[PDB]
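Next up: the same protein chain in two forms, each one alone, written as structure tokens (structure 1, then structure 2).
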Structure 1
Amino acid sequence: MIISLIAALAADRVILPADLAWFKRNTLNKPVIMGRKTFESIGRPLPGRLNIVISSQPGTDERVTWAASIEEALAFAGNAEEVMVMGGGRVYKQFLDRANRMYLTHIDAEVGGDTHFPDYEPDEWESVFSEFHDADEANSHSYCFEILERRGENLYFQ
């Protein structure tokens, strides 16, 4: 199982219909993992996806799967090839070390707020996909879709 982070980042790692569409393309038909506040932000289960919500305060919405921990979350995702972790801030940080792939939307915007996507060391990651877009009528800012994979373990010894 590949564990993947997916997130939209403004300038300075701070956390557009095209991003949402990108989000959907990349999560549809997969298990999606999220914290409770993110689930509340969406306002609903995501159709066509196995919704796993991690929380110590499991809600009454039986349409989604409620997990108490990362381990139980990954267990519900079973033998999936790829599990999508979609926020929020704390959850990204809690999954980072296990993640081997990241889908990142780099939004060209400078916005305040003190909630950041985790510090990751760029050297430890490589880009396998990248796609820039200009701002248009529907999308207020330029933005860049990117997929990063964790560089494999260095196996060489002198």
Structure 2
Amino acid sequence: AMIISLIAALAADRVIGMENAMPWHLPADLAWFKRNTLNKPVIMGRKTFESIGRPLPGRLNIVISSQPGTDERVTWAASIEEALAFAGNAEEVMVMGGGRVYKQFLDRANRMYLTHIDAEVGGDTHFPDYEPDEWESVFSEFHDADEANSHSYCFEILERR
């Protein structure tokens, strides 16, 4: 039963365009989990792939697009169903935007990694509405702005309940 994880950085409910390929700010006490994520396929929309400018190394990159693929290094899919099929028997898949992609995956998703960075400027897309009764905040950690953290943020893991 595949873990299907939405990963997004948010300013209120607006999706933030992150410089890092993976849109999270991971707390120090979860840094270990980063090692676990390295082999997990990533699924993203065409514009998100364009913004990164190359594949995330060492893992399957799946890009959803209605247009012909422009990079042999990644796998091109025309729908979220095809994208999941390409993920095969991966234990977990990371879905990383944009807004439309999150909305389309929401029903099938069963985990979210949300980085709430309120002081930043969100982009022109909103993260989809989700039902609070369906989702449990299982882990939440706030860090204040300081000399090593330019923005205060809260990293949250939600799982379906």
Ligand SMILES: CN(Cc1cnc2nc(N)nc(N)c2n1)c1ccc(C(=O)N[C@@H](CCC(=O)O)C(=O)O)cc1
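Each form is matched to the other, and the largest set of C-alpha atoms that superpose within 1.5 Å is called the rigid core. Along the sequence of structure 1, residues get numbers from 1 upward.
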**OP:** Mark the structure, either 1 or 2, that is the form deposited with the named molecule bound.
**Re:** 1
Original post:
With the rigid core superposed, which of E126, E110, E40, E62 has its C-alpha shift by 2 Å or more between structures 1 and 2?
Top reply: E110
Original post:
For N26, is the CA shift between structures 1 and 2 at least 2 Å following rigid-core superposition?
Top reply: yes
Subject >> Threshold 2 Å Cα movement between structures 1 and 2 for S142, core superposed >> reply: no
**OP:** State the core-superposed CA shift for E71 between structures 1 and 2, in Å to one decimal.
**Re:** 1.5
**OP:** Taking the rigid core as fixed, quantify in angstrom how much the C-alpha of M84 shifts between structures 1 and 2.
**Re:** 0.7
